[PDB]
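One structure is given below, encoded as structure tokens.
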Amino acid sequence: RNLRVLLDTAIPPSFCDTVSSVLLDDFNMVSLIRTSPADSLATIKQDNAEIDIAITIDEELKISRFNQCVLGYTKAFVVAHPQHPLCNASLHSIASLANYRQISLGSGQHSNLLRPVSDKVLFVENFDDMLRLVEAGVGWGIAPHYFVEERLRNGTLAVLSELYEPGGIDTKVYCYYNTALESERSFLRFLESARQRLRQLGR
Ligand SMILES: FC(F)(F)c1cc(NCc2cnc(-c3ccc(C4CC4)cc3)s2)ccn1
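Taken in order, the sequence shown gives residues 93 to 199, 202 to 297; the numbers are from the entry's author numbering.
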């Protein structure tokens with residue numbers, strides 16, 4: 093039949109392409125859906141979408157009709173305008189940043207992972223709007239690598255996360271599979287080949 097797969101906006105495009113490619117190799121019919129991780133898990137939970145597989149970074153252990161696995165990792169950066177107040181410290185820390193405002197994603203309840211670090215916050219609905227605001231000094235934010243690679247190699251934006259996690263904040267990328275699919279050798283073959291290829295990318 094059709095299998096439907098969700099991937100969030102934090103999943104780098106090489107990642108999304110690698111997954112899709114393997115699925116079409118080991119599945120007949122593949123429909124791809126994209127949402128922000130908060131709406132990633134909410135969306136699969138709605139049950140009206142008939143999402144069979146979801147690849148996101150948001151964590152929830154007991155979900156109905158869905159099991160969990162780790163598919164790999166992605167990296168994320170705390171970014172902010174170079175002339176944002178914060179940049180002048182040179183040694184920025186989660187306490188030093190809790191005073192200044194965070195553009196954060198939120199689309202009503204919130205997960206722990208995507209919980210805001212600050213009392214002064216502003217919710218945005220996608221990453222492009224987050225970064226437009228950040229680039230206007232409105233606040234600071236947590237964005238994926240693939241999104242801000244260019245604005246950081248261009249000096250447009252800066253990084254404050256090189257004390258917390260040098261190199262980027264290594265987040266897990268989870269695969270939330272529908273329970274039934276566990277019994278299809280196809281799902282397992284997808285899983286094997288994907289996990290391998292993604293690690294091969296990591297080099
Ligand atoms: F889409 C992703 F870009 F992948 C993503 C990843 C993500 N990880 C959980 C975290 C939340 N706050 C963190 C943090 C870690 C270090 C700092 C230091 C002070 C600068 C601040 C906040 S890490 C959350 C949202 N979005």
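Ideal Cβ placement from N, Cα and C applies to all residues, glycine included.
Here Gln-194 is buried, its C-beta having at least 16 other C-beta atoms within 10 Å. Between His-184 and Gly-231, the C-beta spacing is not below 8 Å.
When distances are taken from the beta-carbon of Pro-238 to the heavy atoms of ligand 1, the shortest one is below 7 Å. Scanning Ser-205, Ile-145, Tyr-192, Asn-120 for the CA closest to the CA of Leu-216 turns up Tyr-192.
Residue burial annotation: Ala-102 is buried, with at least 16 other C-beta atoms found within 10 angstroms of its C-beta. 8 Å or more divides the Cβ of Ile-147 from the Cβ of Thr-166. In the three-state scheme derived from DSSP, where H, G and I count as helix and E and B as strand, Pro-210 is classed as coil. In the DSSP assignment, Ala-134 falls within the alpha helix (DSSP H) that extends over 129 to 137. Per the Cβ contact rule, the stretch 151 to 168 is in contact with the stretch 101 to 115 (3 or more Cβ pairs under 8 Å). With 16 or more other Cβ atoms from the protein chains shown falling within 10 Å of its own Cβ, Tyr-270 counts as buried.
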